[PDB]
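Encoded as structure tokens, the structure appears first; notes follow it.
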Amino acid sequence: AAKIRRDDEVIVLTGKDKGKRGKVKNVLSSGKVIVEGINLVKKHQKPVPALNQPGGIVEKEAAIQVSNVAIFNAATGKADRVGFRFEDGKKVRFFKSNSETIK
Amino acid sequence: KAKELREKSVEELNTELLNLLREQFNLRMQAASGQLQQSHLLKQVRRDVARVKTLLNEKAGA
Amino acid sequence: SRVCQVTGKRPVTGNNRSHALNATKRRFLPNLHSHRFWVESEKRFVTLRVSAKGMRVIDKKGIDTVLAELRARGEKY
Amino acid sequence: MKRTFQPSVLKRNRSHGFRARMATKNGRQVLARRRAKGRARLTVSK
Amino acid sequence: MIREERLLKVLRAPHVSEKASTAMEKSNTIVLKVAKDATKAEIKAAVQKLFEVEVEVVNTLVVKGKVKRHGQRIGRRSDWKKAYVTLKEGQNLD
RNA sequence: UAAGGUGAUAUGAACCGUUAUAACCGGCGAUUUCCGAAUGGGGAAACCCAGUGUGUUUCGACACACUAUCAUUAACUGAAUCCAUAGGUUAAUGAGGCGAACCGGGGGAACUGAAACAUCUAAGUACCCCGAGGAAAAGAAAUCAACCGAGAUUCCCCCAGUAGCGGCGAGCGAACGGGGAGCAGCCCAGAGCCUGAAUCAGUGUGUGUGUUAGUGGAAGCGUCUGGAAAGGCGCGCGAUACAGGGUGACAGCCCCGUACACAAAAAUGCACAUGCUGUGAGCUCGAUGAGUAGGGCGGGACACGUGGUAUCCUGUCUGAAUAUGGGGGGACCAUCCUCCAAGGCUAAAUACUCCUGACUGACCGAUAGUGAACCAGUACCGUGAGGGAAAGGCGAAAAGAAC
RNA sequence: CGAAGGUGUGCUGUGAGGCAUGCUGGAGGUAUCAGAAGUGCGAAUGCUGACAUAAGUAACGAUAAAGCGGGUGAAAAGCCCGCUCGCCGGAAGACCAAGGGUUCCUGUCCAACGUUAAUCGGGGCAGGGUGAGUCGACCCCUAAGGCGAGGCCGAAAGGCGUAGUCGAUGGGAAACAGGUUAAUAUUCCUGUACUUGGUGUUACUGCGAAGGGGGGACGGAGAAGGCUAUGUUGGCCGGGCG
RNA sequence: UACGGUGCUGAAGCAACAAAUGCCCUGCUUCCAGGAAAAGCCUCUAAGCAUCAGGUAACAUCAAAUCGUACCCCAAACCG
Ligand SMILES: [Mg+2]
Ligand SMILES: [Mg+2]
Ligand SMILES: [Mg+2]
Ligand SMILES: [Mg+2]
Ligand SMILES: [Mg+2]
Ligand SMILES: [Mg+2]
Ligand SMILES: [Mg+2]
Ligand SMILES: [Mg+2]
Ligand SMILES: [Mg+2]
Ligand SMILES: [Mg+2]
Ligand SMILES: [Mg+2]
Ligand SMILES: [Mg+2]
Ligand SMILES: [Mg+2]
Ligand SMILES: [Mg+2]
Ligand SMILES: [Mg+2]
Ligand SMILES: [Mg+2]
Ligand SMILES: [Mg+2]
Ligand SMILES: [Mg+2]
Ligand SMILES: [Mg+2]
Ligand SMILES: [Mg+2]
Ligand SMILES: [Mg+2]
Ligand SMILES: [Mg+2]
Ligand SMILES: [Mg+2]
Ligand SMILES: [Mg+2]
Ligand SMILES: [Mg+2]
Ligand SMILES: [Mg+2]
Ligand SMILES: [Mg+2]
Ligand SMILES: [Mg+2]
Ligand SMILES: [Mg+2]
Ligand SMILES: [Mg+2]
Ligand SMILES: [Mg+2]
Ligand SMILES: [Mg+2]
Ligand SMILES: [Mg+2]
Ligand SMILES: [Mg+2]
Ligand SMILES: [Mg+2]
Ligand SMILES: [Mg+2]
Ligand SMILES: [Mg+2]
Ligand SMILES: [Mg+2]
Ligand SMILES: [Mg+2]
Ligand SMILES: [Mg+2]
Ligand SMILES: [Mg+2]
Ligand SMILES: [Mg+2]
Ligand SMILES: [Mg+2]
Ligand SMILES: [Mg+2]
Ligand SMILES: [Mg+2]
Ligand SMILES: [Mg+2]
Ligand SMILES: [Mg+2]
Ligand SMILES: [Mg+2]
Ligand SMILES: [Mg+2]
Ligand SMILES: [Mg+2]
Ligand SMILES: [Mg+2]
Ligand SMILES: [Mg+2]
Ligand SMILES: [Mg+2]
Ligand SMILES: [Mg+2]
Ligand SMILES: [Mg+2]
Ligand SMILES: [Mg+2]
Ligand SMILES: [Mg+2]
Ligand SMILES: [Mg+2]
Ligand SMILES: [Mg+2]
């Protein structure tokens, strides 16, 4: 009964990227998502002779709270909250605005 | 494999259990050396032996 | 154990009171004696560690009634 | 000097061991107290 | 007859060592890590059946586990059993 | 129920799965090493050694089941000793051990107080032992009362710190009666007559109601500051939902939830209804619990310390009448009243919390609160019983510092 | 647009105190009027933690004793190699039981430990290492003693104890020499043996016990005699001629 | 020759004397304080078995499991 899922396109509600969009890459069990291209940090990656890493300042994606994102409604161009309904005896998602089924 | 193994005899399940146990031995010696590079096969085999022993206690004496 | 088999008497505890009412704990033991009772029906003797009250009971009720009570109680004789 | 602890496992287990505690009534009360307190090593016995 | 399932659960691993390589090349004796409850007859039957090879004699010993410290928490490794399996002459094994 | 998973420190590796046998939750099942009541014998717990039987054998040997004790019952057997009995053996059923408090019983202190102390108190307390249940115990008048009457037991408030008891000291301390919670009465000592009729127990079935997984669940944007808005300033909307928690600062409208509405293949509780088995119902005529009541001696309990001391219990010695009779009414007698001992059963109101769920707090906030917020009954100490700690916080996020 | 808390300053009240504000801090605090208190600490040879003092003082654990060269290394009085010196030698050598429980060996490290340094270590980390028919235990047997079916006794618990069953420190079968590993060896290897049980043939034919008997099976002291271990000398062999 | 080692080869290997607190000796002598038990082992028969079972004698074959074994042990590793 998770509202925000993996291949969903979301917008960012709070944080240093308030308004940016992206796709979820994976959802974490702690109530966090990794959205492709948003919460970038620069980790000082240490070289390892095994694994063949030269070691540098790698910029990569950090997790973010599910509360801080919402599913982008591409029709209206905005964020909508997500409800659940049964269609054909099958639990589907829909937008709280316009009562449209999330696909 | 519970549906497949349910459609078998007692002697066929006992034969499969003995072939599983031979595969489990060959995997255990292979992972004893550094040769085995698929560690999940030990778990798959250990579950399938448990499924066979379960169906044997179901088909015989039950 | 100082227990009458017939009446179930048992050493009870009390006090020696002196003239100055000094109380020390004592015991009151039953006057138990082992006695062979002739059972006429079975034509044999039965030894019972019995008090003298129980011997008066056997003299009044009869030994067959008492050994019936001891079997219904579940007591060996 | 000769000190008061001269160890011997046989005498340790015959005197303070598990079956020596379980033999008597009061020894069983010792194991019941240590289980209620939650001792890791319930007795001497290895 | 010892059952084949037990014979499959007796042997754990080969033991690699300088002493194992020496006994293997000189005395033709392999060194195996075996199950702890395994006896000498179960080992001789297992090597004679699962490898199809002729065992002359089996010597066993129990290896006591070491006491290690992960961080500062104490711990103890498992006791395991070690078998010197002397093969007959001419026999060969990978 | 599901799009994400393979418990944690603790990554990684190798994999699984994405519309349904991935995972997760629940029900019923399966497996369930060894020790331990431990139960095949032993034993310095987690080990040693067997026996019998049925199976396999590539004759090397393997696997499985059973074998404790006691009680009761049945069968067989069986001494001195003729029968017999004791004893023996088989078989069946049951028990055993653990566990927080509450309960009933068997035993049972002392310090202390008395400004000493011995009677007394502490106190039938602490402690030990035995047994039981979800509660136990008690319980259906040989009771009170006072010439009016009440009508089993248990519990609460009064009566009343009264009456009394008491080196009449220290102290102990009712009852009658009244107001309440809760209420329920029955059976055998025995024959018949009508015969299965009430009720209860067990076992089924059906319905309802729970419980053990769960489902849906409303409504917000702009701007300023700021690292970050949930804050400020505007303008809206929901509310049977402004309980609570989280989210980068304080969020009814971001999330989880909440109000409300529902939901169970399976197991199971509780109600009814009813089936079956067993059980007897009712009427008549009877019967009416003997080494017992009482007594003597020695103790104990009753508020009552032997006192003028009733009543209750009994270790000892005795010892009645028995319905035309007997007990009690606080020495005792007489009158009167009241009840019927020496056989039993019985729900509720009552006591407690190892444990589970929900919620609450003018309870603590890391020298506090559990000894223990943290791998704590741990480290450590002790032969041992036993004693027994210290120790919380980077940041929003490791972005935990490449070079 | 910076709370509590901390640290200063200024002002104010008769006092306990109060107010404002600078810096730090980075999220809570709370008027008034009432209410309830785990409500105020300098002392209790108070309790717990931290830090002083004496003081860089005493001491650095047997008065068996050290010196030098070379090596390694960031660094050497302490480590390694070497040559000398000294000490024990009925022990300060070697082997075990009890007890401990990996302290054994190898590689690596020097923070802590080591009464100094440490490259070293019984220290840390990783790996390796203990091989049995004959050794020992287990096992057969019992002693003192323990437990104890039944049993006897006892308020209860329980006490004692029969048949039994445990219980060594004692009785009971058998393996020696040489070699080898960084670390095991009467355990491995080479050689040469030995014991007790089995099944199976062959010859022979009285077998049989929980019973009977024998044996096991037993003290102290003393005296020699016969030996061996072992040692000395000679011979022998190899080397030497200072 | 990795200077650690590893491989090959190998003489003589006798006698006398002294000699134990060790062995014969669980002996011998002597004394009084008068010096474990049981099994293994040997043997005797009892019921039983009757030409089978079992017994010993040789030979063959099989088995001998399990646990301990490192290291200190007078000591820096045990009790202090
Ligand atoms: Mg959010
Ligand atoms: Mg008293
Ligand atoms: Mg061994
Ligand atoms: Mg996991
Ligand atoms: Mg057993
Ligand atoms: Mg036992
Ligand atoms: Mg007193
Ligand atoms: Mg006193
Ligand atoms: Mg006093
Ligand atoms: Mg009751
Ligand atoms: Mg009246
Ligand atoms: Mg939901
Ligand atoms: Mg919602
Ligand atoms: Mg903040
Ligand atoms: Mg009556
Ligand atoms: Mg009376
Ligand atoms: Mg009287
Ligand atoms: Mg009396
Ligand atoms: Mg009398
Ligand atoms: Mg009376
Ligand atoms: Mg009167
Ligand atoms: Mg009655
Ligand atoms: Mg604090
Ligand atoms: Mg605390
Ligand atoms: Mg500031
Ligand atoms: Mg301040
Ligand atoms: Mg401040
Ligand atoms: Mg506060
Ligand atoms: Mg105070
Ligand atoms: Mg003061
Ligand atoms: Mg102080
Ligand atoms: Mg100083
Ligand atoms: Mg000075
Ligand atoms: Mg000086
Ligand atoms: Mg000095
Ligand atoms: Mg020194
Ligand atoms: Mg030097
Ligand atoms: Mg020196
Ligand atoms: Mg030197
Ligand atoms: Mg010298
Ligand atoms: Mg000397
Ligand atoms: Mg270590
Ligand atoms: Mg060393
Ligand atoms: Mg240094
Ligand atoms: Mg140092
Ligand atoms: Mg070390
Ligand atoms: Mg033996
Ligand atoms: Mg024995
Ligand atoms: Mg004995
Ligand atoms: Mg008994
Ligand atoms: Mg005894
Ligand atoms: Mg011994
Ligand atoms: Mg060595
Ligand atoms: Mg004999
Ligand atoms: Mg002697
Ligand atoms: Mg000689
Ligand atoms: Mg010269
Ligand atoms: Mg050794
Ligand atoms: Mg030494």
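Following the order of the structure tokens, chains are lettered A, B, ..., residues in each are numbered from 1, and ligands are numbered from 1.
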
Surroundings of ligand 25 up to 10 Å, based on only C-alpha atoms (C1' of nucleotides) and all ligand atoms, as a PyMOL selection string: chain G and resi 2+22-26

Counting only C-alpha atoms (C1' of nucleotides), chain A residues within 9 Å of chain F, as a PyMOL selection string: chain A and resi 1+5-6+13-16+27+40-47+55-58+62-70+81+84-85

Give me a file of those residues, with N, CA and C atoms, as an mmCIF file, in the first residue's frame.
data_model
loop_
_atom_site.group_PDB
_atom_site.id
_atom_site.type_symbol
_atom_site.label_atom_id
_atom_site.label_comp_id
_atom_site.auth_asym_id
_atom_site.auth_seq_id
_atom_site.Cartn_x
_atom_site.Cartn_y
_atom_site.Cartn_z
ATOM 1 N N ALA A 1 0.833 -1.193 0.000
ATOM 2 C CA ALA A 1 0.000 0.000 0.000
ATOM 3 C C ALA A 1 0.868 1.242 0.000
ATOM 4 N N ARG A 5 6.235 4.706 -5.688
ATOM 5 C CA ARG A 5 6.882 3.473 -6.087
ATOM 6 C C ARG A 5 8.093 3.779 -6.960
ATOM 7 N N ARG A 6 8.649 2.726 -7.551
ATOM 8 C CA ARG A 6 9.993 2.805 -8.101
ATOM 9 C C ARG A 6 10.044 3.648 -9.367
ATOM 10 N N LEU A 13 9.078 18.493 -2.815
ATOM 11 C CA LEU A 13 8.282 19.436 -2.053
ATOM 12 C C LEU A 13 9.133 20.313 -1.155
ATOM 13 N N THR A 14 10.088 19.715 -0.454
ATOM 14 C CA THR A 14 10.939 20.433 0.475
ATOM 15 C C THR A 14 12.402 20.133 0.196
ATOM 16 N N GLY A 15 13.257 20.961 0.764
ATOM 17 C CA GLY A 15 14.685 20.782 0.675
ATOM 18 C C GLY A 15 15.318 21.783 -0.266
ATOM 19 N N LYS A 16 16.594 21.537 -0.542
ATOM 20 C CA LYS A 16 17.394 22.420 -1.367
ATOM 21 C C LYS A 16 17.019 22.328 -2.834
ATOM 22 N N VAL A 27 13.191 2.482 -3.750
ATOM 23 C CA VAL A 27 12.647 2.861 -2.459
ATOM 24 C C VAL A 27 13.316 2.057 -1.360
ATOM 25 N N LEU A 40 22.234 15.524 -4.555
ATOM 26 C CA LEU A 40 23.614 15.194 -4.862
ATOM 27 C C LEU A 40 24.550 15.593 -3.731
ATOM 28 N N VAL A 41 25.357 14.634 -3.285
ATOM 29 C CA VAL A 41 26.454 14.886 -2.365
ATOM 30 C C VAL A 41 27.752 14.456 -3.022
ATOM 31 N N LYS A 42 28.845 15.016 -2.527
ATOM 32 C CA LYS A 42 30.178 14.734 -3.040
ATOM 33 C C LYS A 42 30.961 13.923 -2.014
ATOM 34 N N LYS A 43 30.982 12.610 -2.196
ATOM 35 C CA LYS A 43 31.685 11.716 -1.298
ATOM 36 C C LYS A 43 33.143 11.627 -1.717
ATOM 37 N N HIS A 44 34.040 11.826 -0.759
ATOM 38 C CA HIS A 44 35.468 11.636 -0.974
ATOM 39 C C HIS A 44 35.774 10.143 -0.989
ATOM 40 N N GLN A 45 35.642 9.549 -2.167
ATOM 41 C CA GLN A 45 35.852 8.125 -2.378
ATOM 42 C C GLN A 45 37.334 7.774 -2.334
ATOM 43 N N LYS A 46 37.692 6.921 -1.398
ATOM 44 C CA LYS A 46 39.041 6.443 -1.133
ATOM 45 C C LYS A 46 39.441 5.407 -2.177
ATOM 46 N N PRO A 47 40.677 5.436 -2.664
ATOM 47 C CA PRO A 47 41.066 4.455 -3.673
ATOM 48 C C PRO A 47 41.163 3.087 -3.029
ATOM 49 N N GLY A 55 39.814 6.655 -6.846
ATOM 50 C CA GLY A 55 39.468 7.446 -5.685
ATOM 51 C C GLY A 55 39.435 8.914 -6.039
ATOM 52 N N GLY A 56 38.285 9.531 -5.839
ATOM 53 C CA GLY A 56 38.117 10.933 -6.137
ATOM 54 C C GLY A 56 36.958 11.509 -5.387
ATOM 55 N N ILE A 57 36.517 12.684 -5.822
ATOM 56 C CA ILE A 57 35.334 13.313 -5.246
ATOM 57 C C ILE A 57 34.165 12.916 -6.139
ATOM 58 N N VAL A 58 33.545 11.793 -5.794
ATOM 59 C CA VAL A 58 32.431 11.258 -6.562
ATOM 60 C C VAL A 58 31.155 11.960 -6.133
ATOM 61 N N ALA A 62 21.808 10.910 -2.784
ATOM 62 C CA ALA A 62 21.460 10.566 -1.421
ATOM 63 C C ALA A 62 19.964 10.336 -1.310
ATOM 64 N N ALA A 63 19.585 9.607 -0.274
ATOM 65 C CA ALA A 63 18.189 9.300 -0.067
ATOM 66 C C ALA A 63 17.436 10.533 0.417
ATOM 67 N N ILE A 64 16.118 10.499 0.246
ATOM 68 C CA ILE A 64 15.245 11.576 0.676
ATOM 69 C C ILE A 64 13.941 10.987 1.186
ATOM 70 N N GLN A 65 13.320 11.700 2.116
ATOM 71 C CA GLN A 65 12.073 11.253 2.713
ATOM 72 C C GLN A 65 10.938 11.225 1.700
ATOM 73 N N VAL A 66 10.100 10.195 1.805
ATOM 74 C CA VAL A 66 8.918 10.078 0.959
ATOM 75 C C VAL A 66 7.958 11.230 1.195
ATOM 76 N N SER A 67 7.887 11.723 2.426
ATOM 77 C CA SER A 67 7.097 12.907 2.717
ATOM 78 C C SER A 67 7.540 14.141 1.971
ATOM 79 N N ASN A 68 8.785 14.198 1.552
ATOM 80 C CA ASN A 68 9.292 15.364 0.860
ATOM 81 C C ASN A 68 9.026 15.355 -0.633
ATOM 82 N N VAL A 69 8.467 14.277 -1.174
ATOM 83 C CA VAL A 69 8.167 14.194 -2.593
ATOM 84 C C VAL A 69 6.699 13.851 -2.782
ATOM 85 N N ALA A 70 6.197 14.169 -3.969
ATOM 86 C CA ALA A 70 4.852 13.801 -4.372
ATOM 87 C C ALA A 70 4.859 13.413 -5.840
ATOM 88 N N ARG A 81 -1.723 14.455 -4.478
ATOM 89 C CA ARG A 81 -1.755 13.383 -3.500
ATOM 90 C C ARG A 81 -2.386 12.133 -4.104
ATOM 91 N N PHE A 84 -6.185 5.412 -3.141
ATOM 92 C CA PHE A 84 -6.311 4.025 -3.559
ATOM 93 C C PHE A 84 -7.776 3.698 -3.797
ATOM 94 N N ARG A 85 -8.053 3.005 -4.901
ATOM 95 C CA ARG A 85 -9.385 2.473 -5.150
ATOM 96 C C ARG A 85 -9.273 1.085 -5.755
#

Two-atom distance - atom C1' of residue 109 of chain G, atom CA of residue 15 of chain E (Å):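 Distance between the two atoms: 28.2 Å.
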
Considering only C-alpha atoms (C1' of nucleotides), extract the chain D residues located within 9 Å of chain H and return them as a compact mmCIF listing (two decimals) with C-alpha atoms, in the first residue's frame.
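Output file selection_16.txt is given in full below:
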# COMPACT_ATOMS: atom_id res chain seq x y z
CA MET D 1 52.45 -19.56 52.17
CA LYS D 2 49.80 -22.20 51.46
CA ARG D 3 46.63 -20.37 50.53
CA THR D 4 43.09 -21.55 51.03
CA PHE D 5 42.21 -22.39 47.44
CA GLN D 6 43.87 -25.55 46.14
CA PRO D 7 41.73 -26.42 43.14

Atom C1' of residue 70 of chain F to atom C1' of residue 39 of chain F, distance in Å rounded to a single decimal: 12.5 Å

Selection within 10 Å of ligand 24 by only C-alpha atoms (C1' of nucleotides) and all ligand atoms, output as a ChimeraX atom specification: /F:366-373,390-391

Residue set, chain A restricted to strand (DSSP E or B), as a PyMOL selection string: chain A and resi 9-12+21-28+32-35+40-44+48+53+57-61+64-65+69-73+78-80+82-87+90-95+101

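As for atom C1' of residue 273 of chain F and atom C1' of residue 204 of chain F, they are spaced 13.8 Å apart.
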
Selection near residue 49 of chain C, 10 Å with only C-alpha atoms (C1' of nucleotides), sequence-local residues under 6 positions removed, as a PyMOL selection string: chain C and resi 1-6+31-36+77

Expected answer as a PyMOL selection string: residues within 8 Å of ligand 55, only C-alpha atoms (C1' of nucleotides) and all ligand atoms: (chain G and resi 218-220) or (chain H and resi 35)

Surrounding residues as a PyMOL selection string, ligand 15, max 10 Å, only C-alpha atoms (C1' of nucleotides) and all ligand atoms: chain F and resi 142+288-289+340-343

At most 10 Å to chain F: residues in chain E, only C-alpha atoms (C1' of nucleotides), as a PyMOL selection string: chain E and resi 1-3+41+45+73

Neighbourhood of ligand 36 at 10 Å, counting only C-alpha atoms (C1' of nucleotides) and all ligand atoms, reported as a ChimeraX atom specification: /G:60-62,115

Residues as selected, N, CA and C atoms (P, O5', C5', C4', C3', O3' and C1' of nucleotides), written as a PDB file, in the first residue's frame, can you do that?
ATOM      1  P     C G  60      64.156  -0.325  44.102  1.00  0.00           P
ATOM      2  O5'   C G  60      63.603  -0.467  42.616  1.00  0.00           O
ATOM      3  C5'   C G  60      62.529  -1.340  42.306  1.00  0.00           C
ATOM      4  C4'   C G  60      62.163  -1.268  40.844  1.00  0.00           C
ATOM      5  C3'   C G  60      63.309  -1.436  39.858  1.00  0.00           C
ATOM      6  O3'   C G  60      63.557  -2.791  39.540  1.00  0.00           O
ATOM      7  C1'   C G  60      62.013   0.456  39.276  1.00  0.00           C
ATOM      8  P     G G  61      64.611  -3.647  40.386  1.00  0.00           P
ATOM      9  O5'   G G  61      63.688  -4.243  41.528  1.00  0.00           O
ATOM     10  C5'   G G  61      64.231  -4.753  42.724  1.00  0.00           C
ATOM     11  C4'   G G  61      63.468  -5.953  43.202  1.00  0.00           C
ATOM     12  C3'   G G  61      63.428  -7.133  42.258  1.00  0.00           C
ATOM     13  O3'   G G  61      64.604  -7.912  42.256  1.00  0.00           O
ATOM     14  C1'   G G  61      61.276  -6.739  43.118  1.00  0.00           C
ATOM     15  P     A G  62      65.037  -8.696  40.924  1.00  0.00           P
ATOM     16  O5'   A G  62      66.386  -9.409  41.358  1.00  0.00           O
ATOM     17  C5'   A G  62      66.404 -10.333  42.441  1.00  0.00           C
ATOM     18  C4'   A G  62      66.797  -9.702  43.746  1.00  0.00           C
ATOM     19  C3'   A G  62      68.284  -9.726  44.054  1.00  0.00           C
ATOM     20  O3'   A G  62      68.622  -8.594  44.853  1.00  0.00           O
ATOM     21  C1'   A G  62      67.151 -10.964  45.685  1.00  0.00           C
ATOM     22  P     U G 115      57.466  -6.180  34.404  1.00  0.00           P
ATOM     23  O5'   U G 115      57.308  -4.744  35.069  1.00  0.00           O
ATOM     24  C5'   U G 115      58.310  -3.744  34.945  1.00  0.00           C
ATOM     25  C4'   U G 115      57.721  -2.360  34.931  1.00  0.00           C
ATOM     26  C3'   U G 115      58.703  -1.245  34.614  1.00  0.00           C
ATOM     27  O3'   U G 115      58.016  -0.171  33.983  1.00  0.00           O
ATOM     28  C1'   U G 115      57.856  -0.931  36.782  1.00  0.00           C
TER      29        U G 115
END

Exercise: residue 1 of chain B partners within 9 Å, only C-alpha atoms (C1' of nucleotides), chain neighbours under 4 positions left out, as a PyMOL selection string: chain B and resi 5-6+48+51

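Residue neighbourhood of segment 76-91 of chain G, excluding near-sequence residues (fewer than 4 positions): residues 64, 65, 66, 67, 68, 69, 70, 71, 72, 116, 117, 118, 119, 120 and 121 of chain G; 74 of chain H, at 12 Å, using only C-alpha atoms (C1' of nucleotides).
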
Would you save the residues from that selection as a PDB file, in the first residue's frame, using C-alpha atoms (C1' of nucleotides)?
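Result file is part38.pdb:
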ATOM      1  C1'   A G  64      74.460 -14.679  39.829  1.00  0.00           C
ATOM      2  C1'   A G  65      77.965  -9.841  36.277  1.00  0.00           C
ATOM      3  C1'   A G  66      78.809  -8.385  32.512  1.00  0.00           C
ATOM      4  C1'   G G  67      82.277  -6.529  27.867  1.00  0.00           C
ATOM      5  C1'   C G  68      82.973  -5.843  22.563  1.00  0.00           C
ATOM      6  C1'   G G  69      82.239  -6.405  17.116  1.00  0.00           C
ATOM      7  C1'   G G  70      78.707  -7.011  13.209  1.00  0.00           C
ATOM      8  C1'   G G  71      73.500  -7.080  11.673  1.00  0.00           C
ATOM      9  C1'   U G  72      68.365  -5.413  11.404  1.00  0.00           C
ATOM     10  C1'   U G 116      63.039   2.147  31.122  1.00  0.00           C
ATOM     11  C1'   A G 117      63.610   1.883  25.593  1.00  0.00           C
ATOM     12  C1'   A G 118      61.923  -1.872  22.589  1.00  0.00           C
ATOM     13  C1'   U G 119      62.811  -3.547  16.167  1.00  0.00           C
ATOM     14  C1'   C G 120      61.558  -7.932  21.366  1.00  0.00           C
ATOM     15  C1'   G G 121      57.668 -10.783  24.092  1.00  0.00           C
TER      16        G G 121
ATOM     17  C1'   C H  74      58.434 -25.492  40.212  1.00  0.00           C
TER      18        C H  74
END

How close does chain E get to chain G? List, as a tab-separated table, each residue of chain E within 9 Å, its nearest atom pair and the distance in Å to one decimal, counting only C-alpha atoms (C1' of nucleotides).
residue	atom	partner	partner_atom	distance
E:17	CA	G:128	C1'	7.5
E:18	CA	G:128	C1'	8.4
E:19	CA	G:181	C1'	8.2
E:27	CA	G:189	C1'	7.9
E:58	CA	G:131	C1'	8.8
E:59	CA	G:131	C1'	5.2
E:60	CA	G:131	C1'	5.9
E:61	CA	G:131	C1'	6.2
E:62	CA	G:130	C1'	8.4
E:63	CA	G:130	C1'	7.9
E:64	CA	G:102	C1'	8.6
E:65	CA	G:102	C1'	9.0
E:66	CA	G:102	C1'	7.1
E:67	CA	G:102	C1'	8.6
E:82	CA	G:131	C1'	8.9
E:83	CA	G:131	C1'	7.9
E:84	CA	G:131	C1'	6.7

Okay, now the selection with N, CA, C and O atoms, as a compact mmCIF listing (two decimals), in the first residue's frame?
# COMPACT_ATOMS: atom_id res chain seq x y z
N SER E 17 47.27 -27.28 3.87
CA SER E 17 48.28 -27.06 4.88
C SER E 17 49.63 -27.47 4.31
O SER E 17 49.70 -28.24 3.35
N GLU E 18 50.69 -27.00 4.95
CA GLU E 18 52.02 -27.49 4.61
C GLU E 18 52.19 -28.93 5.07
O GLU E 18 52.77 -29.75 4.35
N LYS E 19 51.61 -29.26 6.21
CA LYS E 19 51.68 -30.63 6.68
C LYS E 19 50.81 -31.54 5.84
O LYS E 19 51.17 -32.70 5.59
N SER E 27 53.68 -39.62 2.38
CA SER E 27 53.00 -40.79 2.92
C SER E 27 51.73 -41.14 2.18
O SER E 27 51.09 -42.15 2.52
N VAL E 58 42.81 -44.86 8.98
CA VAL E 58 42.36 -43.52 9.31
C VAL E 58 42.77 -43.19 10.74
O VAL E 58 42.43 -43.93 11.67
N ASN E 59 43.51 -42.10 10.91
CA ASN E 59 43.83 -41.55 12.22
C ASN E 59 43.03 -40.27 12.41
O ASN E 59 42.93 -39.45 11.48
N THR E 60 42.45 -40.09 13.59
CA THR E 60 41.61 -38.93 13.87
C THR E 60 42.16 -38.11 15.03
O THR E 60 42.84 -38.63 15.91
N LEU E 61 41.83 -36.82 15.02
CA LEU E 61 42.07 -35.96 16.16
C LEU E 61 41.03 -34.85 16.18
O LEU E 61 40.51 -34.45 15.14
N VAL E 62 40.74 -34.36 17.38
CA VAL E 62 39.80 -33.28 17.60
C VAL E 62 40.56 -31.97 17.77
O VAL E 62 41.44 -31.87 18.64
N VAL E 63 40.22 -30.98 16.96
CA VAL E 63 40.82 -29.65 17.03
C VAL E 63 39.97 -28.76 17.92
O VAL E 63 38.79 -28.52 17.65
N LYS E 64 40.57 -28.26 19.00
CA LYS E 64 39.89 -27.35 19.90
C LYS E 64 39.82 -25.95 19.30
O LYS E 64 40.78 -25.46 18.70
N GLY E 65 38.67 -25.31 19.47
CA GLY E 65 38.47 -24.00 18.90
C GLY E 65 39.18 -22.91 19.67
O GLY E 65 39.28 -22.94 20.89
N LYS E 66 39.63 -21.90 18.93
CA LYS E 66 40.34 -20.79 19.54
C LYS E 66 39.37 -19.76 20.11
O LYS E 66 38.20 -19.68 19.73
N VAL E 67 39.89 -18.97 21.04
CA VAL E 67 39.14 -17.89 21.68
C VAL E 67 39.57 -16.58 21.04
O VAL E 67 40.72 -16.16 21.17
N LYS E 82 39.54 -33.60 12.62
CA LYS E 82 40.55 -33.68 11.58
C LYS E 82 40.94 -35.13 11.40
O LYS E 82 41.20 -35.83 12.38
N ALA E 83 40.99 -35.59 10.16
CA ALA E 83 41.26 -36.98 9.84
C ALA E 83 42.44 -37.08 8.89
O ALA E 83 42.47 -36.43 7.84
N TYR E 84 43.43 -37.89 9.27
CA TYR E 84 44.51 -38.30 8.39
C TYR E 84 44.14 -39.64 7.76
O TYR E 84 44.16 -40.67 8.43
